[PDB]
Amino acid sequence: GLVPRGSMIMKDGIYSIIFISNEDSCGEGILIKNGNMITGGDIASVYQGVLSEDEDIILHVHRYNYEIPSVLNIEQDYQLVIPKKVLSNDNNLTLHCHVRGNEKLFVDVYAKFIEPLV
């Protein structure tokens, strides 16, 4: 089962990710965790941020292919606030992230551990 735990407890490695927005649009991507560093992306945007702790974990989202819609229909670069605690297992986790400054704009994410860093 999943249990509330701090994100920083996540094992280092590459994860597969699936997410759905308040607009009810879905997307899938990849996520890489190294130290407290988080980098990732899907066919249209890439994301980067640093596991906070003592700070609001901010994830900078950057769109790179506008011929593909944003799961959030924003149309520019934004920030997602990552929860300090997530529901997790040794290899699975879910979290609810919302756009900074707008709780009504959000995505629910499920992440699955794929493998350790080389």
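Residues carry their position along the shown sequence, with the first being 1.
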**Message:** Highest mean C-alpha temperature factor of the two stretches 26-34 and 78-86, which is it?
**Reply:** 78-86
**Request:** Output the stretch having the higher mean C-alpha B factor in the entry; the candidates are 41-49 and 56-64.
**Result:** 56-64
**Request:** Tell me, please, which of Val118, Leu2, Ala111, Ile114 has the highest C-alpha B factor according to the deposited entry?
**Result:** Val118
**Prompt:** For the listed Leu95, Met10, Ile17, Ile14, which has the peak Cα B-factor recorded in the PDB entry?
**Reply:** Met10
